[PDB]
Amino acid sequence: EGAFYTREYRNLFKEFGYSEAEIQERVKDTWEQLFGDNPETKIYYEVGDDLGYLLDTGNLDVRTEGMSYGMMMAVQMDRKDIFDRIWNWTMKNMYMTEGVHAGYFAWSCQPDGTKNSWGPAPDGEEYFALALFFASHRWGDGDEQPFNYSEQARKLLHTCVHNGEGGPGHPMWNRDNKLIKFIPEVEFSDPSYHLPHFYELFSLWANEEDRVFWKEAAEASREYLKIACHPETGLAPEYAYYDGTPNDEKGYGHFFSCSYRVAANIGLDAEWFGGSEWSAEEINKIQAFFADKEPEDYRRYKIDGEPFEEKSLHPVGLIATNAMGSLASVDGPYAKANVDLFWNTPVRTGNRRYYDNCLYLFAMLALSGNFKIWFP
């Protein structure tokens, strides 16, 4: 039974023999390397007294993926100061009041706040919503907008479900199949965006009129991951059609950066809502696939396992997510090896560090029993 029921979170590092003191130190150090004055590793930058952002170092932009991640990280770490700086920047610079995506958040901005696009990215929205619910539950709603956290979360999720009913907009979930979309104006998906464990919580906390819908989305997503992951290797493509097969129209049909999050998501869902045979077997498959592969040699792979020449752009992120996946298969043949590999991998430096380092801190939090559900 998951932590949602027991309110106890597995410390897999401790279970695998790491000392409580060293785990405590490693979690804090990871946070400090990302959010402190450590220029080589840092991904969070403060602006003035009331703003801050996470920089996508690989593209020199600020993304809703990173901002929503940063808010989730901040609430897990009980850092309301950092949470509010990020959310303030997000509302000021990313929230759209105009155009077909009004009510969503521009997916990419320049560090100066300028929007690079008026299109949103659904995985940002869903993390914003849950981070905001957690903020409300830990700290209470603030007296002034936009710090009225729970109202902001419910409003945002309303738009995600109902957009287009009285306007030219589009929802972020397909209403018939209850699957999250890659972007509001398409009818395909992205396996890594599927967060059934988040939807379970939305089914408790969203507007009441949408709570059954969120239960249905959770179930739809669980079923969808079964058909999206390759049956032998466990690898999921970056984009996939609703029928579960890869969408490679623009090169996203393979196992690469986006896909890495699937193992992590499966890990977290197992920890929160309970183990399943499917999830354990799926994590066993991915870990078995990587068991005989050197991190320095990790590639892009077709989902059936065929290697490309191209190396993984984010191999530290791949390590972190595979290790986090161990939460879904704690007795798995490679579970300990994956956790140990991660323990022995430093936080990344250099221009591609943002994505790896986000996945890294999530894995550090989850594997130490510090990626929690914050209840009212």
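Counting begins at 1, following the sequence as shown.
Q: Of 332 to 340 and 46 to 54, which one has the bigger average CA B-factor?
A: That would be 46 to 54.
Q: Per the record, averaged over C-alpha atoms, which has the higher B-factor: 103 to 111 or 159 to 167?
A: According to the entry, 159 to 167 carries the higher average C-alpha B-factor.
Q: Taking the values straight from the PDB record, which of 317, 70, 325, 36 has the highest C-alpha temperature factor?
A: When the deposited C-alpha B-factors of 317, 70, 325, 36 are compared, 36 is largest.
Q: Using the B-factors in the PDB entry, rank residue 244's C-alpha atom against the chain and give the third, lowest, middle or highest.
A: Tercile = middle for this residue's CA B-factor.
Q: Thinking about Cα B factors across the chain, which third does residue 84 belong to?
A: Middle third by C-alpha B-factor.
Q: Considering only modelled residues of the same chain, in which third does the CA B-factor of residue 142 rank: lowest, middle or highest?
A: Highest third - that is where residue 142 ends up once the chain's C-alpha B-factors are sorted.
Q: Looking at the entry's B-factor column for C-alpha atoms only, identify whether residue 362 ranks in the lowest, middle or highest third of its chain.
A: Within its chain, residue 362 is a lowest-third residue by C-alpha B-factor, going by the deposited values.
Q: Just say lowest, middle or highest third for the CA B-factor of residue 203 relative to the other modelled residues in its chain.
A: For residue 203, whose C-alpha B-factor we compare with every modelled residue in the chain, the answer is the middle third.
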